Structures are given as C-alpha cells and as structure tokens.
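**Student:** This structure is in structure tokens; I'll ask about it shortly.
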Amino acid sequence: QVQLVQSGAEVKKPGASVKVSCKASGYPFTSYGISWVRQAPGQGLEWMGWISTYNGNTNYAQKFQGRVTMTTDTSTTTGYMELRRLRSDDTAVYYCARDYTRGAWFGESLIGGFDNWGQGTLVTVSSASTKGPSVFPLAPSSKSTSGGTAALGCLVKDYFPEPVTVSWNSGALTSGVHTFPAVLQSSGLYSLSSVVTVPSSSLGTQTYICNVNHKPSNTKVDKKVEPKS
Amino acid sequence: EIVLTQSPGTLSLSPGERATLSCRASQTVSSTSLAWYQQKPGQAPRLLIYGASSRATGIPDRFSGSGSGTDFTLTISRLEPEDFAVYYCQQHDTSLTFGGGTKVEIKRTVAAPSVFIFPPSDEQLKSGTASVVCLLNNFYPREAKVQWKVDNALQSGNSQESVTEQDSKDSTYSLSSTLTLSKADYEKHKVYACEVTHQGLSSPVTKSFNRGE
Ligand SMILES: COCCO[C@@H](C)CO[C@@H](C)CO[C@H](C)CO[C@H](C)CO[C@@H](C)CO[C@@H](C)CO[C@H](C)CO[C@H](C)COC[C@@H](C)N
C-alpha cells in the first residue's frame, strides 16, 4: 500500500534553488513523519532533516540549516524539500522516506527507522551548459593484443549533463563490454570510455562501431572503430 | 553529535561465509534507536534492522543485529548473491546520524589485469587535444597502480581514472586511466607508456607505443 514517488531529475545552476516533491499514499499521512536523506555520487548517506506531517515542525541538520526548507501539503499527501543557494557539492540523489524515529504528534523517540523510501531525485548542480559529446575511436593495434584477445573502444569526451548510453553493433555485442563511469573533468564537462575485448583474428574482417546516445543534447553518434594500419 | 564509524569500509567475503559488520559510536547510543540499512547498487536504501536487534518486515532470517552502548554488529549468517551491497548503520538517540557505510565485496581468486593502451585518434588531434587511454581489463582485487610515463618522465596531475563496479559474472574490476595532453605537448615527446602494478602480476606490466608509428 505504502508508496513514495518523487519528482523527476533536476539540473540547476550554482546559487539557484530546487524543490523536490514526495507524493505519499497508502497510509495515514498525518500519523508518520517524513525524513529526507541525500547521497552524493560515490559517497554515503547524509541525513538532511525531519518534518511532522501533523503540526509541521521541522528538525534540520546543522549542515543545511538556513538553506533547506521542508513543507508538507496534507491536502495532497505530498512532502516537499527546498534547498536554496545550491553549490557544486550539492549534486546528489535526494531521497524521502516515511519516518518512524520521531513522533509526528508529540516528537517522542520511536523504536523504528525509515521503513519505506522513495525512488530518489537526482539533482545536478553545475555551471556548465548542455553540450553534445565528441566521440573519438580507440583504435586497436599490436599494443592492444594480449594473446589472441584484442581491445578497442570509444572515447565519449566533453559532454554535459549525465547520462550517455553506449552500445556496440546496435546492441549485438554486449559480452566483454565495459562502459566506465564518467569522470568529471576540470572544465565541468563529463567524459567516459566504453571498451570491448574481441578476438584479434576478427580485426580485419569484422566491423565494430559504437552507438553513443546523449538525450540532453539530442546527439546520436555512430563512430566506426577500425584498426589503424 | 554522535558520529557512527563503520569498519571496514569494504568487506571482501565469498558467497556463503558469515559476515559481521561493526558500527562503533562516539557516545553511548540507546539500543532502541539504532537501525541498519541495506542499499543494493542503483536502488534506494532498505530498512534491515531497527532497535539494534529487531529486523524489519520482509527481511530474511540470515540478517540479525546485536550490541549495546557503543559497539554494534550486523550479522549475515550466510552471504547470498543478492546480499552483496552497502550497509549503513543509523542512530537517532541524539539528533540523527548515518554511518560511513560498509560495502560487502565478493571475494575472488586473484586475477591479473589485461593491460591495453590506445593512442589518441587523429580526429581528436585535429581539435588540439590528445587523450591516451590505458585499459586495465578484468582484475581482482580492485587495488591497482597506474603510472603514466612520457619519455621516461613520470606524469602526475594530468590523468583521470575510472573503475567499474564488480562484474556480476566473474566478480572482477576494470580500470580506465585517461592521460589528457594538448596537441603541442603531445608532439613534443615520443614514447608513451602506462606501467600497471597489480597483485596478479609478478612484475609491473608496461604497454607502450611510439608517437607517429
Ligand atoms: C490518508 O491521509 C489522511 C490525512 O489526514 C486527513 C484526515 C486530513 O488531516 C490533515 C488535514 C491533518 O491537518 C491537521 C494536522 C488536523 O488538525 C485537526 C485540528 C485535528 O483533527 C481533529 C478533528 C482530530 O484529530 C485526531 C484524529 C488526530 O490528532 C492526533 C490524535 C493529535 O492529538 C492531539 C495533539 C491531542 O489529542 C487529545 C487526546 C488526549 N485525545
């Protein structure tokens, strides 16, 4: 019965704000509190605050006091979380959860935790604008031959924002493919590489091509990777 | 505040063994206010244990928590394939604080990496930028060492590396270090090599290529 559906992903500039919704249903909304937890990419969970769906009292973490403002709409059973003056390190996945650690009526300590969670809201704070990726081939040769196995890939360089999807031979070559997580360059743009190990005997006959898709920039690139000489 | 410290940051155990995850607190935490959470890769956290020792609804019997005061321990009697994830401990005795998290890794036999190197494409060279990629394919454990040497000169502060998640098939890792240089600086030197050091290698492997050949 209990479901928590959050708003879609957000991309904001530094200094702006973002409001994330948390639609609750299936339980008496004003009987449980709502807690908010964010998780930076690669880092752990970080508690943000707690709000009573009854009286509206809030208990924010000291790190976010002054920038966060949590509100609930009892008529729509929706919890909100607004974070103002966004900085680059605010880029994280923001979760909401039905709280059973503090009473929503009298603030008493409860024997429980965050039972039901939301799907999370990825908020990306960066001063970069939308840019299409430049796909460069990682051509194989004798240097990329460990026995009978050869390696070749594509370099999805300079793009914003996440994500990008890379497939090989229209998705027909999936075994032995490694699409590495994108690294955030100093220029604010992302960059990753997707490689695939193939038999060295098939470098001259077979045709290998990566299909890079970037929806924010509407960029679809089909770069053919050929062994160079 | 009450700081929760989880050790170790990564626990490498084979599927079937018993796992014990510690959660030490800076102060005495009430047993009724300590919770454990599980977060599978790419999913929201899930409440495992509440009140130090009581498990939540829909949690298998292999999960169990114990401890009081400052020392707490989450125990998995038999590690299942789906049980390999990150686990956080949480306290709400004073305010609310999560732990650092403990990633339960699949322990595998040592596997040496297959090292590959890719010269920068001429398409990228036409834009005034050269990117050299060193590929470390399928290796265990995750810890490795990649050094970029350009004409025997060690490169530092001009390369970014990325590691994949533990492969769902062979429980291995892959690394991709990208050395980025300008077209001018790239054409000033000849030999480009990345030296890979790993436990599965008796000696560090060096894959090189001379520019223009
Ligand atoms: C499925 O979603 C259900 C969401 O709740 C709906 C019923 C809508 O309720 C929302 C609008 C709640 O908004 C305010 C918080 C409600 O405040 C009104 C004034 C309180 O409601 C009165 C009619 C009765 O409320 C009881 C049912 C719940 O209140 C709990 C018990 C708080 O108890 C007070 C603090 C003390 O109670 C005295 C006790 C000794 N009998």
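Chain labels run A, B, ... following the order of the structure tokens; each chain numbers its residues from 1, and ligands are numbered from 1 in the order shown.
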Give me every strand (DSSP E or B) residue in stretch 149-202 of chain B, going by DSSP on the backbone, as a list in words.
**Tutor:** residues 149, 150, 153, 154, 155, 159, 160, 161, 162, 163, 173, 174, 175, 176, 177, 178, 179, 180, 181, 182, 191, 192, 193, 194, 195, 196 and 197 of chain B
**Student:** Given the selection you just returned, output its residues as a file containing N, CA and C atoms, formatted as a short mmCIF file (atom, residue, chain, number, x, y, z; two decimals), in the first residue's frame.
**Tutor:**
```cif
data_model
loop_
_atom_site.label_atom_id
_atom_site.label_comp_id
_atom_site.auth_asym_id
_atom_site.auth_seq_id
_atom_site.Cartn_x
_atom_site.Cartn_y
_atom_site.Cartn_z
N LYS B 149 54.11 7.31 -18.03
CA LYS B 149 55.49 7.69 -18.30
C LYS B 149 55.59 8.16 -19.75
N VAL B 150 55.99 9.41 -19.94
CA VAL B 150 56.15 10.01 -21.26
C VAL B 150 57.62 10.36 -21.42
N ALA B 153 59.53 10.17 -18.29
CA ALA B 153 59.15 11.17 -17.30
C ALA B 153 57.80 10.80 -16.70
N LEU B 154 57.75 10.68 -15.38
CA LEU B 154 56.51 10.30 -14.70
C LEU B 154 55.51 11.45 -14.76
N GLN B 155 54.28 11.13 -15.17
CA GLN B 155 53.21 12.11 -15.27
C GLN B 155 52.35 12.08 -14.01
N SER B 159 45.87 13.20 -15.37
CA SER B 159 45.21 11.98 -15.80
C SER B 159 44.09 11.64 -14.82
N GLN B 160 42.97 11.16 -15.36
CA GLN B 160 41.84 10.73 -14.57
C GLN B 160 41.54 9.27 -14.87
N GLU B 161 41.28 8.49 -13.82
CA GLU B 161 40.96 7.08 -13.97
C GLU B 161 39.56 6.80 -13.45
N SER B 162 38.97 5.72 -13.96
CA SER B 162 37.62 5.31 -13.58
C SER B 162 37.59 3.80 -13.45
N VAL B 163 36.92 3.31 -12.41
CA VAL B 163 36.82 1.89 -12.12
C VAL B 163 35.35 1.48 -12.20
N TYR B 173 37.06 -6.44 -11.61
CA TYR B 173 37.04 -5.00 -11.79
C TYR B 173 37.78 -4.62 -13.07
N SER B 174 37.49 -3.42 -13.56
CA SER B 174 38.15 -2.88 -14.74
C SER B 174 38.44 -1.40 -14.51
N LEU B 175 39.59 -0.95 -15.00
CA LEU B 175 40.04 0.42 -14.80
C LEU B 175 40.33 1.07 -16.15
N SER B 176 40.12 2.38 -16.22
CA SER B 176 40.35 3.15 -17.45
C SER B 176 40.98 4.48 -17.06
N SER B 177 42.30 4.58 -17.21
CA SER B 177 43.02 5.82 -16.95
C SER B 177 43.20 6.58 -18.25
N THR B 178 42.88 7.87 -18.24
CA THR B 178 42.91 8.71 -19.43
C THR B 178 43.90 9.85 -19.21
N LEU B 179 45.02 9.81 -19.93
CA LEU B 179 46.01 10.88 -19.89
C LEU B 179 45.67 11.91 -20.96
N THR B 180 45.40 13.14 -20.53
CA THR B 180 44.98 14.21 -21.43
C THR B 180 46.10 15.23 -21.56
N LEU B 181 46.52 15.50 -22.79
CA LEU B 181 47.55 16.48 -23.08
C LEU B 181 47.14 17.30 -24.29
N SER B 182 47.71 18.50 -24.39
CA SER B 182 47.48 19.32 -25.57
C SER B 182 48.22 18.75 -26.77
N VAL B 191 57.81 8.40 -26.72
CA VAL B 191 57.35 7.17 -26.08
C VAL B 191 56.27 7.49 -25.05
N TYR B 192 55.13 6.83 -25.18
CA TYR B 192 54.02 6.95 -24.24
C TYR B 192 53.71 5.58 -23.68
N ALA B 193 53.79 5.44 -22.35
CA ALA B 193 53.61 4.16 -21.70
C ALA B 193 52.89 4.34 -20.38
N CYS B 194 52.11 3.33 -20.01
CA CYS B 194 51.48 3.25 -18.69
C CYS B 194 51.94 1.96 -18.03
N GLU B 195 52.52 2.09 -16.84
CA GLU B 195 53.01 0.95 -16.07
C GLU B 195 51.95 0.54 -15.07
N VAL B 196 51.50 -0.71 -15.16
CA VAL B 196 50.42 -1.23 -14.33
C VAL B 196 51.01 -2.18 -13.30
N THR B 197 50.74 -1.92 -12.03
CA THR B 197 51.18 -2.76 -10.93
C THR B 197 49.96 -3.40 -10.27
#
```
**Student:** Taking 2 positions as the minimum chain separation for residues in the same chain, which residues sit within 8 Å of stretch 51-65 of chain A when counting only C-alpha atoms? Answer as a ChimeraX atom specification.
**Tutor:** /A:29-35,47-49,67-68,70-72,74,103-105
**Student:** Fewer than 2 positions away in the same chain doesn't count, so skip those; otherwise give me all residues within 6 Å of stretch 73-77 of chain B, counting only C-alpha atoms, as a PDB file with N, CA, C and O atoms, in the first residue's frame.
**Tutor:**
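Dumped everything to part-v9.pdb:
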```pdb
ATOM      1  N   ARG B  18      29.963 -16.180   6.653  1.00  0.00           N
ATOM      2  CA  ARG B  18      29.248 -15.314   7.579  1.00  0.00           C
ATOM      3  C   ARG B  18      29.923 -13.949   7.621  1.00  0.00           C
ATOM      4  O   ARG B  18      31.152 -13.860   7.699  1.00  0.00           O
ATOM      5  N   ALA B  19      29.118 -12.892   7.566  1.00  0.00           N
ATOM      6  CA  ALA B  19      29.613 -11.525   7.567  1.00  0.00           C
ATOM      7  C   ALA B  19      29.232 -10.831   8.868  1.00  0.00           C
ATOM      8  O   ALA B  19      28.094 -10.945   9.334  1.00  0.00           O
ATOM      9  N   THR B  20      30.191 -10.116   9.452  1.00  0.00           N
ATOM     10  CA  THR B  20      29.972  -9.340  10.666  1.00  0.00           C
ATOM     11  C   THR B  20      30.407  -7.906  10.407  1.00  0.00           C
ATOM     12  O   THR B  20      31.586  -7.653  10.136  1.00  0.00           O
ATOM     13  N   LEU B  21      29.460  -6.976  10.486  1.00  0.00           N
ATOM     14  CA  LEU B  21      29.700  -5.569  10.192  1.00  0.00           C
ATOM     15  C   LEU B  21      29.573  -4.770  11.483  1.00  0.00           C
ATOM     16  O   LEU B  21      28.528  -4.815  12.142  1.00  0.00           O
ATOM     17  N   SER B  22      30.626  -4.043  11.836  1.00  0.00           N
ATOM     18  CA  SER B  22      30.655  -3.285  13.077  1.00  0.00           C
ATOM     19  C   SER B  22      30.167  -1.855  12.857  1.00  0.00           C
ATOM     20  O   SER B  22      30.238  -1.306  11.755  1.00  0.00           O
ATOM     21  N   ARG B  62      18.579 -14.705   7.918  1.00  0.00           N
ATOM     22  CA  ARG B  62      20.034 -14.646   7.963  1.00  0.00           C
ATOM     23  C   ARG B  62      20.544 -13.300   8.463  1.00  0.00           C
ATOM     24  O   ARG B  62      21.681 -13.223   8.942  1.00  0.00           O
ATOM     25  N   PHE B  63      19.736 -12.248   8.367  1.00  0.00           N
ATOM     26  CA  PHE B  63      20.105 -10.941   8.890  1.00  0.00           C
ATOM     27  C   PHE B  63      19.743 -10.848  10.365  1.00  0.00           C
ATOM     28  O   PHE B  63      18.648 -11.244  10.775  1.00  0.00           O
ATOM     29  N   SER B  64      20.670 -10.321  11.161  1.00  0.00           N
ATOM     30  CA  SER B  64      20.451 -10.176  12.592  1.00  0.00           C
ATOM     31  C   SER B  64      21.405  -9.123  13.134  1.00  0.00           C
ATOM     32  O   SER B  64      22.553  -9.032  12.693  1.00  0.00           O
ATOM     33  N   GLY B  65      20.920  -8.332  14.087  1.00  0.00           N
ATOM     34  CA  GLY B  65      21.735  -7.311  14.713  1.00  0.00           C
ATOM     35  C   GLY B  65      21.903  -7.529  16.202  1.00  0.00           C
ATOM     36  O   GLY B  65      21.071  -8.185  16.837  1.00  0.00           O
ATOM     37  N   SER B  66      22.974  -6.986  16.771  1.00  0.00           N
ATOM     38  CA  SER B  66      23.254  -7.142  18.192  1.00  0.00           C
ATOM     39  C   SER B  66      24.111  -5.968  18.647  1.00  0.00           C
ATOM     40  O   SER B  66      24.482  -5.099  17.853  1.00  0.00           O
ATOM     41  N   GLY B  67      24.419  -5.949  19.934  1.00  0.00           N
ATOM     42  CA  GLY B  67      25.261  -4.924  20.509  1.00  0.00           C
ATOM     43  C   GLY B  67      24.466  -3.939  21.354  1.00  0.00           C
ATOM     44  O   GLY B  67      23.244  -3.810  21.237  1.00  0.00           O
TER      45      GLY B  67
END
```
**Student:** For chain B, work out the contacting residues on chain A at 9 Å, counting only C-alpha atoms, and write them as a ChimeraX atom specification.
**Tutor:** /A:43-47,49,59,61,95,101-102,109-120,134-141,143-146,150-153,155,178-185,192-193,195,197
**Student:** Can you check which residues of chain A DSSP gives as helix (DSSP H, G or I) on the backbone and send them as a PyMOL selection string?
**Tutor:** chain A and resi 29-31+88-90+142-144+200-202
**Student:** Please provide the set of residues having any atom within 9 Å of residue A:213, restricted to only C-alpha atoms, with same-chain residues fewer than 5 positions apart removed, written as an mmCIF file with N, CA and C atoms, in the first residue's frame.
**Tutor:**
```cif
data_model
loop_
_atom_site.group_PDB
_atom_site.id
_atom_site.type_symbol
_atom_site.label_atom_id
_atom_site.label_comp_id
_atom_site.auth_asym_id
_atom_site.auth_seq_id
_atom_site.Cartn_x
_atom_site.Cartn_y
_atom_site.Cartn_z
ATOM 1 N N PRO A 133 28.434 15.310 -26.846
ATOM 2 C CA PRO A 133 29.729 14.644 -26.695
ATOM 3 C C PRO A 133 30.451 14.466 -28.020
ATOM 4 N N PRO A 163 22.968 11.357 -18.361
ATOM 5 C CA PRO A 163 23.914 10.306 -18.738
ATOM 6 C C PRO A 163 24.119 10.181 -20.243
ATOM 7 N N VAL A 164 24.921 9.198 -20.639
ATOM 8 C CA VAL A 164 25.063 8.792 -22.032
ATOM 9 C C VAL A 164 25.015 7.274 -22.084
ATOM 10 N N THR A 165 24.404 6.741 -23.136
ATOM 11 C CA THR A 165 24.296 5.304 -23.340
ATOM 12 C C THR A 165 25.141 4.907 -24.542
ATOM 13 N N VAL A 166 25.988 3.897 -24.359
ATOM 14 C CA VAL A 166 26.880 3.410 -25.404
ATOM 15 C C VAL A 166 26.554 1.949 -25.673
ATOM 16 N N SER A 167 26.352 1.615 -26.944
ATOM 17 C CA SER A 167 26.118 0.246 -27.372
ATOM 18 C C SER A 167 27.011 -0.060 -28.565
ATOM 19 N N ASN A 218 20.473 15.777 -27.639
ATOM 20 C CA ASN A 218 19.889 15.124 -28.812
ATOM 21 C C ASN A 218 20.974 14.751 -29.823
ATOM 22 N N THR A 219 22.046 14.147 -29.319
ATOM 23 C CA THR A 219 23.201 13.772 -30.124
ATOM 24 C C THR A 219 23.254 12.255 -30.246
ATOM 25 N N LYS A 220 23.230 11.760 -31.481
ATOM 26 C CA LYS A 220 23.356 10.336 -31.776
ATOM 27 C C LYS A 220 24.529 10.160 -32.730
ATOM 28 N N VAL A 221 25.605 9.548 -32.242
ATOM 29 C CA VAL A 221 26.843 9.392 -32.997
ATOM 30 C C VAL A 221 27.123 7.907 -33.171
ATOM 31 N N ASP A 222 27.414 7.503 -34.406
ATOM 32 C CA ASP A 222 27.781 6.129 -34.743
ATOM 33 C C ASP A 222 29.204 6.159 -35.297
#
```
**Student:** Taking 4 positions as the minimum chain separation for residues in the same chain, which residues sit within 10 Å of residue B:69 when counting only C-alpha atoms? Answer as a list in words.
**Tutor:**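 The residues satisfying every condition are residues 24, 25, 26, 27, 28, 29, 30 and 31 of chain B.
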**Student:** What would the file look like if the residues just selected were written as a PDB file, in the first residue's frame with N, CA and C atoms?
**Tutor:**
```pdb
ATOM      1  N   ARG B  24      30.692   1.304  15.442  1.00  0.00           N
ATOM      2  CA  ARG B  24      31.101   1.931  16.689  1.00  0.00           C
ATOM      3  C   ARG B  24      30.624   3.376  16.727  1.00  0.00           C
ATOM      4  N   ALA B  25      30.143   3.799  17.892  1.00  0.00           N
ATOM      5  CA  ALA B  25      29.637   5.146  18.091  1.00  0.00           C
ATOM      6  C   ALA B  25      30.571   5.933  18.999  1.00  0.00           C
ATOM      7  N   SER B  26      30.595   7.253  18.797  1.00  0.00           N
ATOM      8  CA  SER B  26      31.425   8.117  19.630  1.00  0.00           C
ATOM      9  C   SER B  26      30.880   8.248  21.043  1.00  0.00           C
ATOM     10  N   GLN B  27      29.578   8.049  21.231  1.00  0.00           N
ATOM     11  CA  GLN B  27      28.945   8.094  22.540  1.00  0.00           C
ATOM     12  C   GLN B  27      28.066   6.863  22.707  1.00  0.00           C
ATOM     13  N   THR B  28      27.543   6.690  23.917  1.00  0.00           N
ATOM     14  CA  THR B  28      26.628   5.589  24.187  1.00  0.00           C
ATOM     15  C   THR B  28      25.287   5.864  23.518  1.00  0.00           C
ATOM     16  N   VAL B  29      24.888   4.979  22.610  1.00  0.00           N
ATOM     17  CA  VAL B  29      23.638   5.112  21.869  1.00  0.00           C
ATOM     18  C   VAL B  29      22.615   4.154  22.457  1.00  0.00           C
ATOM     19  N   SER B  30      21.390   4.644  22.645  1.00  0.00           N
ATOM     20  CA  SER B  30      20.312   3.789  23.122  1.00  0.00           C
ATOM     21  C   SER B  30      20.065   2.653  22.139  1.00  0.00           C
ATOM     22  N   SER B  31      19.909   1.440  22.677  1.00  0.00           N
ATOM     23  CA  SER B  31      19.717   0.271  21.827  1.00  0.00           C
ATOM     24  C   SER B  31      18.438   0.374  21.006  1.00  0.00           C
TER      25      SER B  31
END
```
**Student:** Restricting the calculation to only C-alpha atoms, which member of A:107, A:14, A:147, A:132 is positioned closest to residue A:89?
**Tutor:**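 Smallest separation from residue A:89 among the options: A:14.
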